[PDB]
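One chain comes next, on its own, written as structure tokens: the form deposited in one PDB entry.
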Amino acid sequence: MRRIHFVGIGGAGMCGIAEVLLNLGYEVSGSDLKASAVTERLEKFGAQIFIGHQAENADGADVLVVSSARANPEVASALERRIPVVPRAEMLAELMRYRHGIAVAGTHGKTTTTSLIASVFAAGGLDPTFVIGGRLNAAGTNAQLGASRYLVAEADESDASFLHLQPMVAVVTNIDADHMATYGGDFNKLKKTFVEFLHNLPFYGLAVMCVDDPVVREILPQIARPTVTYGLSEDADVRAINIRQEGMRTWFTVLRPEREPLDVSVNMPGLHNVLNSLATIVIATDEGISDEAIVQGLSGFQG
């Protein structure tokens, strides 16, 4: 397959995916009801844009991507012609197969942790593409989305594509019951899904686990993958101690195996943001990012 066709390519969750696929070297086409600066930018980058929906817009497409949600003549034409029609969320999840993917999973804290990771990686000069709220970003980037080696993405356990993400590194911030309905209303089935998620890591991958959560601590011995734990717990690999405040800024000292203690600060209050920073610190440490870029990335994040 070489040509991907987006139905509604100007949508806020669609244009970013099309831009990465252009960056990856694919032929990209898309239709929309109105030309916009979004479709003009995509066209400048090589996308073929159709205004209006008609069956012929899907001619030649190898796969269709359709908006979160079917009588549409492009879709109907693709089905009758046995062209696969994939939902937006699946194509988004698939982008991780082309990059060094960092999946930020857990029921709470994904958005902040993803942003903190992006901020530290940016401070180290790596310009990562990142996914928050289903939207691809690259902060102040001067390039097509997806240009960086790194893709940092929220992994939502309620998303149909959860068990199809192929990350190199995965965080589990915590395991709550918000999305029990996704798994038959059974919290134990939800827990097993996190184990299966972590087993999509390759044996050389890394699982970053918050052991302050008793549910994470419970599934920890089932993860037959390399693991680094973090939290305030005395037995966490990467720990925060001596937590203090100076204004709206929280300071703490981070302990890491075989490293000197490092003082960091973060511009947001609450232990949950200390934990989000610890997760970030584990990932940046494992990736080899300097202490200065870590301090700069955490300290400069607004919110």
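Heads up: residue numbers just count along the shown sequence, starting at 1. Each form is matched to the other, and the largest set of C-alpha atoms that superpose within 1.5 Å is called the rigid core.
From this point on, the text means the form deposited in another entry, which you will not see here.
Choose, among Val195, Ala224, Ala143, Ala160, the residue with a C-alpha displacement of 2 Å or more between the shown form and the other one when the rigid core is used for superposition.
So the residue whose C-alpha moves 2 Å or more is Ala143.
Answer yes if the Cα of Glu246 shifts by 2 angstroms or more between the shown form and the other one on a rigid-core superposition, and no otherwise.
For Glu246, whose C-alpha is compared between the shown form and the other one after core superposition, the shift is 2 Å or more.
Classify the change in Cα distance between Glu43 and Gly140 in the other entry as closer or farther, relative to the shown form (magnitude of 3 Å or more).
The answer is farther, because the C-alphas of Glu43 and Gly140 separate from each other in the other entry by 3 Å or more.
Do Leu136 and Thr141 have their C-alpha atoms closer or farther apart in the other entry than here, with the shift being 3 angstroms or more?
Farther apart, by at least 3 Å.
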